[PDB]
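In this chain, numbering begins with 1 at the start of the sequence shown. All values below come from the heavy atoms of this structure, side chains included, with hydrogens, waters and symmetry mates left out.
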Amino acid sequence: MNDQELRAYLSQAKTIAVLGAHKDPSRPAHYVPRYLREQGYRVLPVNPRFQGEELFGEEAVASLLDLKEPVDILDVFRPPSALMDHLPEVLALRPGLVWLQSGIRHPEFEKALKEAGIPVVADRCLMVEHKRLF
């Protein structure tokens, strides 16, 4: 995937689910999605730690399976050691593209996603890359 193709995914994306969404405005799990929301994206916060609480103008749900609409981009902020347990959720949800934030890689998780036919982008910040490309 090149910038040109990555642009087609970003510019086409409507919903961006944030796995690991945070409330503290100091963390990336919050300011990255916040930046995304201000760019015309409908970010859907997902985090058991803040379930029921409003974030980015939406109620935070505990699971990806709790989301109502399809997901264009799954922006992941959860650490590598917490990814395999969520694999079945991501496979079921089947987002158009799974995005692993900075400092997050997991060979197995990524392979499983690729084998399922789901595009993956890892160790990259969605805010930084969106800024770059557009």
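- Taken from CG in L67 to CD in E58, the straight-line distance is 10.0 Å, to the nearest 0.5 Å.
- Partner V76 forms a side chain to side chain contact (heavy atoms under 4.5 Å, CB included) with one of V120, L126, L83 and no other, that one being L83.
- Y9 and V128 fall into different hydrophobic clusters, where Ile, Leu, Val, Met, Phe, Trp and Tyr are joined by side-chain heavy atoms under 4.5 Å apart, directly or via other members.
- Looking at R105, its side chain never comes within 3.5 Å of a backbone N or O of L100 through a donor-acceptor pair.
- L91 and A112 make their closest contact through CD2-O, 4.3 Å (heavy atoms, listed as atom of the first residue, atom of the second, distance).
- Pairing each heavy atom of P119 with each of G96, the nearest pair is CD-O, 3.2 Å.
- Remark: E115 engages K111 in a side-chain contact (heavy atoms from CB on, under 4.5 Å) (not counting sequence neighbours).
- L65 and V18 sit in two unconnected hydrophobic clusters of ILVMFWY residues. Membership requires side-chain heavy atoms under 4.5 Å apart, directly or through other members.
- Residues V46 and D66 fail the side-chain proximity criterion, which asks for heavy atoms closer than 4.5 Å.
- A donor and an acceptor atom, one from each side chain of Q12 and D72, are nowhere located under 3.5 Å apart.
- Looking only at side-chain heavy atoms (C-beta outward), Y31 and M127 come within less than 4.5 Å of each other.
- Listed by first then second residue, pairs satisfying side chain to side chain donor-acceptor pair (under 3.5 Å) with a partner in residues 121-134 read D3-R132, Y35-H130, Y41-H130, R124-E129, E129-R132, not counting sequence neighbours.
- Distance CG/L64 to CZ/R94: 14.5 Å, rounded to 0.5 Å.
- Contact check for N47 versus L19: no side-chain heavy atoms found under the 4.5 Å cut-off.
- Side chains of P45 and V61 form no contact here, defined as non-hydrogen atoms less than 4.5 Å apart.
- Taken together through direct or relayed side-chain contacts under 4.5 Å among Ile, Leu, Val, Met, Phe, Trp and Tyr, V71 and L10 form parts of separate hydrophobic clusters.
- Between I118 and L97 the shortest side-chain heavy-atom distance does not fall below 4.5 Å.
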Note to self: Pair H30, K23 - check side-chain contact (heavy atoms from CB on, under 4.5 Å), show working.
What the structure shows: CA-CA 6 Å; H30 184 90; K23 183 74 251 185; 4.0 Å; yes
Next item on the list: Begin from the C-alpha positions of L74 and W99 and carry the test side-chain contact (heavy atoms from CB on, under 4.5 Å) through to its verdict.
Entry: CA-CA 6 Å; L74 175 56; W99 189 290; over 6 Å; no
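- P48 and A62 get closest at one heavy-atom pair: CD-O, 3.4 Å.
- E5 places no side-chain N or O within donor-acceptor distance of the main-chain N or O of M1, the cut-off being under 3.5 Å.
- Summarising the geometry of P28 relative to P33, their closest heavy-atom pair is O-CD, 3.1 Å, with the distance given to 0.1 Å.
- Pairing each heavy atom of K14 with each of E69, the nearest pair is NZ-OE1, 4.1 Å.
- Note: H22 and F77 fail the aromatic proximity criterion, with ring centroids not under 6.0 Å apart.
- You'll find the side chain of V90 reaches within 4.5 Å of the side chain of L113, heavy atoms only.
- Between atom CD1 of residue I73 and atom OG1 of residue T15 there is a gap of 8.5 Å, rounded to the nearest 0.5 Å.
- Between the side chain of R37 and the main chain of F56, a donor-acceptor pair closer than 3.5 Å is present.
- No donor-acceptor pair under 3.5 Å is formed between the side chain of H86 and the backbone N or O of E89.
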Next item on the list: Please lay out, stage by stage, how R34 and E38 fare under the test salt bridge (charged side-chain N to carboxylate O under 4.0 Å, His left out).
Entry: CA-CA 6 Å; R34 187 220 169 248; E38 97 174 42; 3.2 Å; yes
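- There is no path of hydrophobic side-chain contacts, each under 4.5 Å, that joins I104 to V32.
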